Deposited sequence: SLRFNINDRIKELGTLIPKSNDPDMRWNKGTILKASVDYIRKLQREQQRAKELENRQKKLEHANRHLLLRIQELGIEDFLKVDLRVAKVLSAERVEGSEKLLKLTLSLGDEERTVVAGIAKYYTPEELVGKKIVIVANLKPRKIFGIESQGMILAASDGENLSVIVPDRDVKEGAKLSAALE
């Protein structure tokens, strides 16, 4: 009832290595508590610095990843229209896209051959990066590049919600 609980306090209290009375085993208790009280309060004050540092770290990712208008304007995203698509012989991954920006016709290469059929591409309004650097592929020049979104399993080209005249430049204005 009482002595067992005081004896229990003896178990939780660290090794005394000293007399086993009743008051002594109770004295250490208020000592133990007071110390633990001090520790947690010092640790609790420390945690506030960690959170203050937590946000501070995040806020530094924003700063380092910030885009800016002018940097963005250097990237020219425009809606295109597919004219034809043919599978490349000797490759089960590449498709040669013929695109229409209204005025300029472009030749792009895409890896969606497994995920996309030429028949379903013709007529589709896909978004591309026109400015993007040509990378010679299979002895063929890929003028501009195609935007994609991949989970690894699922491949997806990008499309405007409504239909729009081919060639429209994507803006972030208002």
{"item": "Gaps in the model (deposited sequence, numbered from 1)", "value": "1 to 4, 23 to 25, 182"}
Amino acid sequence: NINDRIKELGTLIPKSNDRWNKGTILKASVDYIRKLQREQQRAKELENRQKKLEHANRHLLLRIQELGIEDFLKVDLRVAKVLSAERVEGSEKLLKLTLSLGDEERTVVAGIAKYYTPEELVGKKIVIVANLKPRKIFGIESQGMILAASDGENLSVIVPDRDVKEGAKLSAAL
From here on, numbers count along this sequence of modelled residues.
property: Of 55 to 63 and 123 to 131, the one with larger mean CA B-factor; result: 55 to 63
property: Stretch exceeding the other in mean C-alpha B-factor - 113 to 121, 135 to 143; result: 135 to 143
property: Peak C-alpha temperature factor (PDB record), options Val79, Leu83, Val88, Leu73; result: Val88
property: Cα B factor band for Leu95 (lowest, middle or highest third within the chain); result: middle
property: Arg49, C-alpha B-factor rank within chain (lowest, middle or highest third); result: highest
property: CA B-factor placement of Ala43, once the chain's modelled residues are sorted into thirds; result: highest
property: CA B-factor placement of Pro160, once the chain's modelled residues are sorted into thirds; result: lowest
